[PDB]
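Working notes for the structure below.
Coordinate-derived values only; no laboratory data. FYI the Cβ positions are ideal-geometry reconstructions off the backbone, even for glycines, and counts take in every protein chain you see.
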Amino acid sequence: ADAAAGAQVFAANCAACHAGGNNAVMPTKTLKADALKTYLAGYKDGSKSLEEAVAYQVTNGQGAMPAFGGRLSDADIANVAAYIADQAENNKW
Ligand code: HEM
């Protein structure tokens, strides 16, 4: 997928709550590498890659994290998942 495209998807859809890779609503569940490994389903136990685990979360929602399946294309979701993985793993935030 395309992380650069994903930065645009993020700006349009995610930055209200996750500017800086943080979380304005639930402060512990950030988009940083340590928090993602602690909290994110699938990724947390090695059953999914970070990209796949983020795509699932984005598509389906959790708590006050909205579901974007049907609002964003599969491509956009894959791209934003690639973007988060890249930002987190590379400590770019
Ligand atoms: C498509 C844009 C978005 C993406 C890619 C995204 C991504 C994610 C990811 C990957 C997580 C898990 C973080 C972790 O486990 O440490 C998360 C959690 C969360 N996000 Fe988002 N997010 C988006 C939009 C939003 C928006 C707009 C809001 C605010 C209205 C929001 C609020 C939250 C909240 C509250 C959680 C924690 C949910 C919980 O487990 O209780 N997110 N998001």
Hey, if you put +1 on the Cβ of every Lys and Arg and -1 on every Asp and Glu Cβ in the chain, which of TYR83, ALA12, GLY61 ends up farthest toward the positive end of that dipole?
-> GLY61
What does a probe at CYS17 reach in the stretch 40-60, counting residues whose amide N is under 13 Å from the point 7 Å along Cα→Cβ?
-> 57-60
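For a footprinting-style exposure proxy, rank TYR83, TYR43 by other Cβ within 10 Å, fewest first. Walk me through the numbers on the way to the answer.
Details: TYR83 25, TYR43 22.
The order, fewest Cβ neighbours first, is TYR43, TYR83.
Helix-only estimate, please: 222 nm mean residue ellipticity of the chain, summing -39500 (n - 2.57) across DSSP H runs of length 4 or more and dividing by its residues, to the nearest 500. It would help to have the intermediate numbers written out before the result.
Numbers: 5 runs with 49 residues, N = 93.
About -15500 deg cm²/dmol.
May I ask you to derive the relative contact order of the chain, considering only C-alpha pairs under 8 Å and at least 6 residues apart, and to give it as an integer percent?
That works out to 39 percent.
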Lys, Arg +1 and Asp, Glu -1 on Cβ, resulting dipole of the stretch 18-57 about Cα centre, debye, nearest 20 | 100
